[PDB]
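Asks: Experimental coordinates for this protein are included below, preceded by the sequence.
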Amino acid sequence: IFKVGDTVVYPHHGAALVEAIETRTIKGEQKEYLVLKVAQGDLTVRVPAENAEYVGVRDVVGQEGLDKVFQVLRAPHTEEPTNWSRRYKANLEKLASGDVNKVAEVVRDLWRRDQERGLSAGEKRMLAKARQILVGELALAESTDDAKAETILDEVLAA
DNA sequence: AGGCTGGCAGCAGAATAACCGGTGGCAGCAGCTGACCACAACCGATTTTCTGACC
């Protein structure tokens, strides 16, 4: 399925393009490396043709999962453990999982707790990073005008 | 049978990542003052010494 011209989503680097299929030699054999161009830090990631699904290279989302993550973002549930260390560990695990609904849960919990209390600079950086990957994912998914993706993010945050 | 004497050898030293609770400090400020300048006047003799009339 991975041809030149896609827009695939890495686990926690964001949505990236493809431009070539490298046949770079490993053990005297030409494993089909595919290249990536993710623009948050202009790093190029090259992965083997079959271990991408093992490491979690996930395709773009363009169906009722958009409504699913919208109702996840506008869900009434907000619960965290008592200690900030375990709460941060659980949110970091859900962030590193690389799932859109889980990242939506992370940003709704962090945005609710920041508009209620205001926690910390480290979780502020975490919320900025997770909001960046969610906004970039949906803006390259629906092709829906990035930063007007931020306006529709404001709409679903207002709920 | 070892020992304690002898050089011999080797070495130290000097000179040239967050939460929660609590508690005391602290600064800012209306709000009693309360002692204090502080002008500002007002009198209390005081002494001089004319001023005014007295016979």
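Replies: Thanks, I have it. Numbers count the residues shown, from 1 in each chain, chains lettered A, B, ... in the order given.
Asks: count of neighbours near whichever residue of chain A sits closest to DNA strand B?
Replies: With CB to the nearest atom of the strand as the measure, residue A:122 is the residue of chain A nearest to DNA strand B, at 3.2 Å. To be clear about C-beta, it is placed using only N, CA and C from the backbone, and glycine gets the same treatment. A count of neighbours around residue A:122, defined by other CB atoms under 10 Å, yields 9.
Asks: One more: residue A:45?
Replies: For residue A:45, using other CB under 10 Å, the count is 15.
Asks: how about the nearest residue to it, chain neighbours excluded?
Replies: Nearest residue to residue A:45, sequence neighbours excluded (CB to CB, 6 or more residues apart in numbering): residue A:36, at 4.3 Å.
Asks: still on that earlier bit, give me the distance between the helix or strand harbouring the residue of chain A closest to DNA strand B and the centre of its chain.
Replies: Residue A:122 is part of helix A:121-141 when elements are defined by DSSP states H and E. Taking CA atoms, centre = their mean, to the nearest Å, one finds the center of helix A:121-141 at 7 Å from the center of the full chain.
Asks: What of stretch A:55-70?
Replies: Taking the mean of its C-alpha atoms, stretch A:55-70 sits 10 Å from the chain's own mean (CA atoms, centre = their mean).
Asks: Straight-line length of that stretch, end to end?
Replies: 26 Å (CA to CA, to the nearest Å).
Asks: Now the nearest residue to residue A:38 once chain neighbours are set aside: phi and psi?
Replies: Spatial nearest neighbour of residue A:38, excluding adjacent residues (CB to CB, 6+ apart): residue A:16 at 3.7 Å. In terms of degrees, to the nearest 10, the main-chain angles of residue A:16 are phi -140, psi 160.
Asks: on that earlier part again, neighbours of the residue nearest to the residue of chain A closest to DNA strand B when sequence neighbours are not counted, how many?
Replies: Using CB to CB, 6+ apart and skipping residues adjacent in sequence, the residue nearest residue A:122 is residue A:88, 7.8 Å away. By the criterion of other CB under 10 Å, residue A:88 has 17 neighbours.
Asks: My understanding was that residue A:88 contacts residue A:119; is that so?
Replies: No: using CB atoms under 8 Å, residue A:88 is not in contact with residue A:119, being 9.4 Å away.
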